[PDB]
Amino acid sequence: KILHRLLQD
Amino acid sequence: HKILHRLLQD
Amino acid sequence: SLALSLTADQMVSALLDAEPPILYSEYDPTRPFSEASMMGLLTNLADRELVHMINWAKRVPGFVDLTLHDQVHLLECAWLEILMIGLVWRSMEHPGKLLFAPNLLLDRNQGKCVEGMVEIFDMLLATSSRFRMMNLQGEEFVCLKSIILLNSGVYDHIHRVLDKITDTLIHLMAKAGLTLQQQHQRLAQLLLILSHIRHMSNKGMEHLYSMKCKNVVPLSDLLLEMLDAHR
Amino acid sequence: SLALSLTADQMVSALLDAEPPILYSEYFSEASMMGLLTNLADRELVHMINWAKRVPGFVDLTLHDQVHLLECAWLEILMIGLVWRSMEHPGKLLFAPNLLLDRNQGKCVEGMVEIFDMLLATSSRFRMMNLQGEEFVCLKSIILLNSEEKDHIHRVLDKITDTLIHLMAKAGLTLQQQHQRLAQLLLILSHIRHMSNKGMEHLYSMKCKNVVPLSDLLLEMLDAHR
Ligand SMILES: CN(c1ccccc1)S(=O)(=O)[C@@H]1C[C@@H]2O[C@H]1C(c1ccc(O)cc1)=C2c1ccc(O)cc1
Ligand SMILES: CN(c1ccccc1)S(=O)(=O)[C@@H]1C[C@@H]2O[C@H]1C(c1ccc(O)cc1)=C2c1ccc(O)cc1
């Protein structure tokens with residue numbers, strides 16, 4: 001999910 | 001008035 | 001007022017004495033559960049509990065100082081939270097089950113009978129487990145339940161009374177031998193759980209409204225009015 | 001870890017440094033009003049995500065848990081932010097510097113005035129308590145974490161409680177006053193939860209509608225509440 005991408009950075 | 005209103009008085 | 005002049009120990013004695021009775025459900029073991037029969041059981045139980053809740057609230061120090069309109073508002077706002085903290089408290093010594101009544105002890109698979117209920121059942125079980133791990137005391141429980149009643153609809157007298165209940169909580173923890181740091185940490189842990197009880201009540205209220213609009217069971221005139229207050 | 005080793009002042013300075021900026025809106029109708037709020041919220045969300053990674057202890061959690069916390073807490077966090085910046089504006093919500101709205105302007109969207117009134121009452125409460133910046137950032141972090149991993153979260157929460165008490169004692173409050181103020185602040189979090197749940201109910205109602213476009217990120221957050 002989008003939230004998951006933003007966090008994973 | 002509300003039932004609750006009544007029960008609060010009894 | 002009168003509440004403001006009570007000692008901590010007097011506050012605790014007042015709250016313990018005001019505790020409502022534990023009621024039985026009208027559970028009928030001769031027939032299997034349906035969504036409807038389950039909802040009927042819980043609704044009937046809650047309705048009978050509400051009448052004792054009203055008597056209890058009038059014995060919470062400071063509550064009867066309020067206008068009737070304000071008393072109505074607080075109970076309208078808080079009634080499901082209050083039923084819920086009661087449920088979680090009496091379920092503490094029943095791991096994995098919710099003790100709705102001495103003759104109605106349910107696990108989550110029985111909660112699945114009603115659409116949307118098992119999710120809330122899981123949150124209630126978790127809250128009960130959390131109280132069990134913290135070894136919540138009965139004296140602490142009555143303080144928290146009174147806090148829910150005074151706080152959940154409050155947005156100066158009410159705040160002064162809430163401050164007294166905070167004093168009473170800390171007093172209880174000190175008496176139990178907690179260090180000063182342990183006291184404010186525990187105070188905080190318990191009050192943060194009230195946010196989760198609020199959450200559970202809101203989710204439950206949403207579903208209760210859904211059920212009424214689907215005519216699963218007849219709600220009492222009282223419950224109809226309590227429910228309507230949230231819509 | 002190193003989050004639990006922080007002093008109270010370091011915890012406070014860390015939270016202060018992590019604060020997001022105050023964003024401008026693109027300041028009518030149901031559609032226009034919702035457009036403005038949605039666009040704002042969407043931009044704020046990106047800053048919130050990077051703010052959370054600076055909340056001590058948060059990045060120690062699994063990505064799974066980090067996602068869960070933000071999905072649960074994002075409206076609470078937007079709301080406590082709003083209430084904070086509206087404190088010195090009695091009867092008004094400062095959504096943005098160029099977007100100061102009053103309860104009447106909240107009538108433009110259905111069901112929104114009720115939430116507006118609650119937000120206003122919360123702002124009024126913070127104003128009366130004279131809430132401090134250092135207290136606000138602690139409360140906001142508590143919302144994120146509250147709303148061995150579960151023990152880690154609880155260890156960090158205790159630390160933030162310690163930090164709040166530190167600020168109060170440093171401010172000269174008596175022991176009795178500290179405990180009372182700690183309780184007063186944490187009970188406001190119950191109200192913030194309540195407002196979030198009510199608002200979320202409206203959001204995933206106006207969604208099923210298609211009133212406004214709402215963004216992919218927002219749609220995914222919103223979807224997690226159902
Ligand atoms: C209202 N809820 C609900 C959720 C999904 C579907 C239907 C109802 S709920 O939050 O799970 C609520 C908790 C507990 O189970 C429900 C429920 C209930 C309350 C009133 C009512 O008319 C029907 C049911 C519960 C309950 C009942 C009595 C108690 O003492 C404590 C909790
Ligand atoms: C979600 N709400 C809502 C209520 C009625 C109709 C539609 C939405 S709400 O709770 O009132 C919420 C508070 C504030 O006003 C709403 C709202 C909002 C948030 C996201 C969104 O996509 C749309 C609107 C608000 C808001 C927006 C940005 C902030 O920084 C703080 C609050």
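Read the numbers this way: they start at 1 and go in the same order the structure lists the ligands and their atoms. In what follows, every heavy atom counts, from backbone to side chain, and hydrogens, waters and symmetry copies are set aside. Order of the sequence lines fixes the chain letters, A, B, ..., with proteins taken first and strands second; residue numbering starts at 1 for each chain.
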Report yes or no: do C/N151 and D/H191 form a side-chain donor-acceptor pair below 3.5 Å?
yes
D/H64 and D/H68 aromatic ring geometry - parallel, tilted or perpendicular at 30°/60° bounds:
parallel
Mind listing the N or O contacts between ligand 1 and protein, cut-off under 3.5 Å?
unit_1, atom_1, unit_2, atom_2, d
ligand 1, 22 (O), C/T43, OG1, 3.1
ligand 1, 30 (O), C/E49, OE1, 2.5
ligand 1, 30 (O), C/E49, OE2, 3.2
ligand 1, 30 (O), C/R90, NH2, 3.2

Go through the side-chain N and O atoms of D/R125 and D/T122 and say whether any donor and acceptor fall under 3.5 Å apart.
no
A quick test of your reading: do over 12 heavy atoms of other residues, nucleotides or ligands sit less than 6.0 Å from NZ of D/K150?
no
Parallel, tilted or perpendicular: which describes the rings of C/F141 and C/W89, with under 30° parallel and over 60° perpendicular?
parallel
Throw together a table of side-chain donor-acceptor distances under 3.5 angstrom for residues 13-21 of chain C, partners on residues two or more places apart or in other chains.
unit_1, atom_1, unit_2, atom_2, d
C/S13, OG, C/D9, O, 3.1
C/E19, OE2, C/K145, NZ, 2.8

